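Structure data follow from upload_37.cif (mmCIF, C-alpha atoms; chains and numbers go by the auth columns):
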```
data_coords
loop_
_atom_site.group_PDB
_atom_site.id
_atom_site.type_symbol
_atom_site.label_atom_id
_atom_site.label_comp_id
_atom_site.label_asym_id
_atom_site.label_seq_id
_atom_site.Cartn_x
_atom_site.Cartn_y
_atom_site.Cartn_z
_atom_site.B_iso_or_equiv
_atom_site.auth_seq_id
_atom_site.auth_asym_id
ATOM 1 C CA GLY A 1 207.809 112.664 138.376 0.00 1 X
ATOM 2 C CA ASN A 2 208.287 115.864 136.364 0.00 2 X
ATOM 3 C CA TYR A 3 204.939 117.663 136.654 0.00 3 X
ATOM 4 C CA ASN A 4 206.041 121.056 135.304 0.00 4 X
ATOM 5 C CA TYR A 5 204.599 120.457 131.807 0.00 5 X
ATOM 6 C CA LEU A 6 200.836 120.935 131.540 0.00 6 X
ATOM 7 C CA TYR A 7 198.229 120.511 128.812 0.00 7 X
ATOM 8 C CA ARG A 8 194.674 121.809 128.502 0.00 8 X
ATOM 9 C CA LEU A 9 192.488 118.763 129.141 0.00 9 X
ATOM 10 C CA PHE A 10 189.211 120.714 129.174 0.00 10 X
ATOM 11 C CA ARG A 11 187.920 123.617 127.085 0.00 11 X
ATOM 12 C CA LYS A 12 184.542 124.726 125.761 0.00 12 X
ATOM 13 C CA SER A 13 185.585 125.174 122.122 0.00 13 X
ATOM 14 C CA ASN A 14 188.426 124.447 119.722 0.00 14 X
ATOM 15 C CA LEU A 15 191.141 127.046 119.214 0.00 15 X
ATOM 16 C CA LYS A 16 191.944 129.120 116.177 0.00 16 X
ATOM 17 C CA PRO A 17 195.234 128.383 114.402 0.00 17 X
ATOM 18 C CA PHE A 18 198.132 130.104 116.231 0.00 18 X
ATOM 19 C CA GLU A 19 195.898 130.805 119.237 0.00 19 X
ATOM 20 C CA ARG A 20 197.250 130.601 122.792 0.00 20 X
ATOM 21 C CA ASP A 21 195.037 130.132 125.854 0.00 21 X
ATOM 22 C CA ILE A 22 196.671 130.874 129.212 0.00 22 X
ATOM 23 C CA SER A 23 193.430 131.772 131.009 0.00 23 X
ATOM 24 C CA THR A 24 193.097 129.817 134.267 0.00 24 X
ATOM 25 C CA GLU A 25 189.312 130.023 134.490 0.00 25 X
ATOM 26 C CA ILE A 26 187.272 127.069 135.708 0.00 26 X
ATOM 27 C CA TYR A 27 185.409 124.761 133.331 0.00 27 X
ATOM 28 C CA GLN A 28 181.788 123.635 133.675 0.00 28 X
ATOM 29 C CA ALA A 29 181.764 119.935 132.787 0.00 29 X
ATOM 30 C CA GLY A 30 178.179 119.309 133.919 0.00 30 X
ATOM 31 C CA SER A 31 174.748 120.919 134.066 0.00 31 X
ATOM 32 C CA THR A 32 175.506 122.560 137.426 0.00 32 X
ATOM 33 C CA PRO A 33 177.279 125.941 137.159 0.00 33 X
ATOM 34 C CA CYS A 34 180.610 126.115 138.951 0.00 34 X
ATOM 35 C CA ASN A 35 180.861 129.868 139.784 0.00 35 X
ATOM 36 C CA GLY A 36 184.659 129.719 139.841 0.00 36 X
ATOM 37 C CA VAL A 37 184.644 126.950 142.478 0.00 37 X
ATOM 38 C CA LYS A 38 185.723 123.331 142.032 0.00 38 X
ATOM 39 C CA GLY A 39 183.202 120.620 142.844 0.00 39 X
ATOM 40 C CA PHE A 40 181.012 118.031 141.170 0.00 40 X
ATOM 41 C CA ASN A 41 181.792 118.171 137.416 0.00 41 X
ATOM 42 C CA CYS A 42 183.962 121.265 138.009 0.00 42 X
ATOM 43 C CA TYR A 43 187.561 120.629 136.972 0.00 43 X
ATOM 44 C CA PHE A 44 190.696 122.665 136.442 0.00 44 X
ATOM 45 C CA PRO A 45 191.422 122.857 132.687 0.00 45 X
ATOM 46 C CA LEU A 46 195.203 122.448 133.076 0.00 46 X
ATOM 47 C CA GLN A 47 196.522 119.000 134.007 0.00 47 X
ATOM 48 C CA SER A 48 200.164 117.975 134.225 0.00 48 X
ATOM 49 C CA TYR A 49 202.022 115.201 132.451 0.00 49 X
ATOM 50 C CA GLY A 50 203.351 112.512 134.782 0.00 50 X
ATOM 51 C CA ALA B 1 174.796 91.550 141.974 0.00 1 T
ATOM 52 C CA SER B 2 178.174 90.641 143.436 0.00 2 T
ATOM 53 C CA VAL B 3 181.419 91.430 141.631 0.00 3 T
ATOM 54 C CA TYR B 4 182.457 87.834 140.865 0.00 4 T
ATOM 55 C CA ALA B 5 179.028 87.334 139.224 0.00 5 T
ATOM 56 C CA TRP B 6 178.413 90.815 137.811 0.00 6 T
ATOM 57 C CA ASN B 7 175.137 91.176 135.936 0.00 7 T
ATOM 58 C CA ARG B 8 175.517 91.901 132.223 0.00 8 T
ATOM 59 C CA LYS B 9 172.609 93.709 130.578 0.00 9 T
ATOM 60 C CA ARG B 10 172.604 94.097 126.800 0.00 10 T
ATOM 61 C CA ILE B 11 171.313 97.508 125.713 0.00 11 T
ATOM 62 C CA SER B 12 170.253 97.348 122.060 0.00 12 T
ATOM 63 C CA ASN B 13 167.471 98.296 119.605 0.00 13 T
ATOM 64 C CA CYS B 14 166.576 101.445 121.553 0.00 14 T
ATOM 65 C CA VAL B 15 167.429 105.133 121.863 0.00 15 T
ATOM 66 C CA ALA B 16 169.531 106.039 124.898 0.00 16 T
ATOM 67 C CA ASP B 17 169.285 109.364 126.748 0.00 17 T
ATOM 68 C CA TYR B 18 172.713 109.781 128.323 0.00 18 T
ATOM 69 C CA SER B 19 172.019 113.406 129.300 0.00 19 T
ATOM 70 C CA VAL B 20 169.719 112.343 132.156 0.00 20 T
ATOM 71 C CA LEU B 21 172.348 109.862 133.368 0.00 21 T
ATOM 72 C CA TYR B 22 175.152 112.433 133.087 0.00 22 T
ATOM 73 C CA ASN B 23 173.244 115.322 134.713 0.00 23 T
ATOM 74 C CA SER B 24 172.392 113.242 137.794 0.00 24 T
ATOM 75 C CA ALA B 25 174.320 114.516 140.820 0.00 25 T
ATOM 76 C CA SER B 26 174.019 111.293 142.838 0.00 26 T
ATOM 77 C CA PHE B 27 176.942 109.692 140.975 0.00 27 T
ATOM 78 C CA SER B 28 180.273 110.192 142.754 0.00 28 T
ATOM 79 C CA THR B 29 182.328 108.916 139.792 0.00 29 T
ATOM 80 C CA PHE B 30 181.686 109.407 136.055 0.00 30 T
ATOM 81 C CA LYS B 31 184.879 108.519 134.171 0.00 31 T
ATOM 82 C CA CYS B 32 185.003 107.599 130.484 0.00 32 T
ATOM 83 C CA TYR B 33 188.030 105.983 128.859 0.00 33 T
ATOM 84 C CA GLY B 34 187.211 105.770 125.143 0.00 34 T
ATOM 85 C CA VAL B 35 184.577 108.445 124.481 0.00 35 T
ATOM 86 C CA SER B 36 183.487 111.879 125.700 0.00 36 T
ATOM 87 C CA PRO B 37 180.582 112.393 128.142 0.00 37 T
ATOM 88 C CA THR B 38 179.172 115.364 126.201 0.00 38 T
ATOM 89 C CA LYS B 39 179.259 113.452 122.881 0.00 39 T
ATOM 90 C CA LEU B 40 177.341 110.377 124.089 0.00 40 T
ATOM 91 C CA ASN B 41 174.082 111.937 122.854 0.00 41 T
ATOM 92 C CA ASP B 42 175.599 112.477 119.380 0.00 42 T
ATOM 93 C CA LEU B 43 177.422 109.201 118.667 0.00 43 T
ATOM 94 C CA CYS B 44 175.831 105.886 117.688 0.00 44 T
ATOM 95 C CA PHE B 45 176.861 102.380 118.751 0.00 45 T
ATOM 96 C CA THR B 46 175.807 98.861 117.806 0.00 46 T
ATOM 97 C CA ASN B 47 175.097 97.678 121.361 0.00 47 T
ATOM 98 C CA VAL B 48 175.942 98.537 124.968 0.00 48 T
ATOM 99 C CA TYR B 49 177.046 96.063 127.645 0.00 49 T
ATOM 100 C CA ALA B 50 176.055 97.215 131.145 0.00 50 T
#
```
What's the structure tokens form of this structure?
Amino acid sequence: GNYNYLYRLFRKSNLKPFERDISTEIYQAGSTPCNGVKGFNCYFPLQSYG
Amino acid sequence: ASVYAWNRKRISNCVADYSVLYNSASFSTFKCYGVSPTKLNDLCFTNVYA
């Protein structure tokens, strides 16, 4: 398994054309705020290809 | 019900509030495979099999 290539599964809004997002900030996927901490409906935005 | 005789409920001719179901913290697993959880309140479907 080559897991070195990653894609942004989760983001709040769509990008502009020729826009790059390298910010590793947490995403809030639910009603509960995450406060930078993983948990229930708190996921890392960057997931790797298997 | 048991899993060999799983109960099938037909959800139709009604308006469905998926935000209450999604914002509930009792659920340990909420995984969608054909739609998005945040767009369930925007899309429309013919019927739902539960």
> Given a cut-off of 9 Å, which residues of chain X touch chain T, counting only C-alpha atoms, written out as a list in words?
Replying inline: residues 29, 30, 31, 32, 40 and 41 of chain X
Would you save the residues of that selection, restricted to C-alpha atoms, as a short mmCIF file (atom, residue, chain, number, x, y, z; two decimals), in the frame of the given file?
```cif
data_model
loop_
_atom_site.label_atom_id
_atom_site.label_comp_id
_atom_site.auth_asym_id
_atom_site.auth_seq_id
_atom_site.Cartn_x
_atom_site.Cartn_y
_atom_site.Cartn_z
CA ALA X 29 181.76 119.94 132.79
CA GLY X 30 178.18 119.31 133.92
CA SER X 31 174.75 120.92 134.07
CA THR X 32 175.51 122.56 137.43
CA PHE X 40 181.01 118.03 141.17
CA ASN X 41 181.79 118.17 137.42
#
```
> Could you work out how far atom CA of residue 16 of chain T lies from atom CA of residue 45 of chain X, giving the answer in Å with one decimal?
Replying inline: 28.7 Å
>> For the PyMOL selection byres ((chain X and resi 12) around 10), applied here, can you spell out every residue it catches as number ranges by chain?
In response: X: 10-11, 13-15, 27-29, 45
> So what do you get for atom CA of residue 21 of chain T versus atom CA of residue 44 of chain X, distance-wise?
Replying inline: 22.6 Å
> atom CA of residue 24 of chain X to atom CA of residue 7 of chain X: how many Å, to one decimal?
Replying inline: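 Distance reported for this atom pair: 11.9 Å.
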>> Using the chain letters and numbers from this file, what does the PyMOL selection byres ((chain T and resi 14) around 12) select? Give the answer as a ChimeraX atom specification.
In response: /T:10-13,15-17,44-48
With 4 Å of padding per side, what axis-aligned box (centre and edge lengths, Å, one decimal) covers all the listed atoms of segment 30-44 of chain X? Give it as lines of an AutoDock Vina configuration file.
```
center_x = 182.7
center_y = 123.9
center_z = 138.4
size_x = 23.9
size_y = 19.8
size_z = 16.9
```
> Which residues, written as an NGL selection string, have at least one atom at most 8 Å from segment 48-50 of chain X, with all atoms listed in the file counted and residues fewer than 5 positions away on the same chain left out?
Replying inline: :X and (1-7)
> Looking at only C-alpha atoms, which of T:41, T:31, T:3, T:36 is the one that sits closest to residue 18 of chain T?
Replying inline: T:41
> Selected by the PyMOL selection byres ((chain X and resi 36) around 9) in the shown coordinates: which residues, as a list in words?
Replying inline: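 Listing what the PyMOL selection byres ((chain X and resi 36) around 9) selects in the shown file: residues 25, 26, 27, 33, 34, 35, 37, 38 and 42 of chain X.
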